[PDB]
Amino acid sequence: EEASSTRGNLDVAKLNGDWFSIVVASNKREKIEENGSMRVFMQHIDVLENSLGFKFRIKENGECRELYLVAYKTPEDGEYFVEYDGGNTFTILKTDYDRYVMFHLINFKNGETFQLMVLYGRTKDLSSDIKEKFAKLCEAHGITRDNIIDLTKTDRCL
């Protein structure tokens, strides 16, 4: 079941399909709150040539926008790059393919950098076990529970 990019046994092809934003976390809370550049409502991941395509809605000024971004695979094992509100590097922390997928992102913009962790799921919501499991990883990565936000409880531009 489980796989990671840092383990090399990740079959990226199975990540293709529909995904929903379940939980976001970051010690740069500003970024994941109402109007934050990172409060994304995932819709679909496309597996392309040495790249991943993301279709998602983001609410700007109270209005949902339809955005699409292409992330390119880099030479650093399991790493992907994407230009969005700065230079972003991310990796697939863990996934079971048919339920959840956990991404760990590092942003860079004007000298400063911050981390981001997201729990995208195949269903509009996931079991607490998973959300709890995610929460634990966020803390392990230095993200306090105050900066973990459950999006299933709010509007996700649906």
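All residue numbers refer to positions in the sequence shown, first residue = 1.
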query	finding
Between the two ranges 62-70 and 116-124, the one averaging a larger CA B factor in the entry	62-70
Residue range whose averaged C-alpha B-factor is higher in the record, 4-12 or 147-155	4-12
Selection by C-alpha B-factor (highest) of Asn107, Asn50, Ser37, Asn110	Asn110
Highest recorded Cα temperature factor - choice among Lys55, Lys131, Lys94, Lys31	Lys94
Entry-reported Cα temperature factor of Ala25, expressed as the chain third it lands in	highest
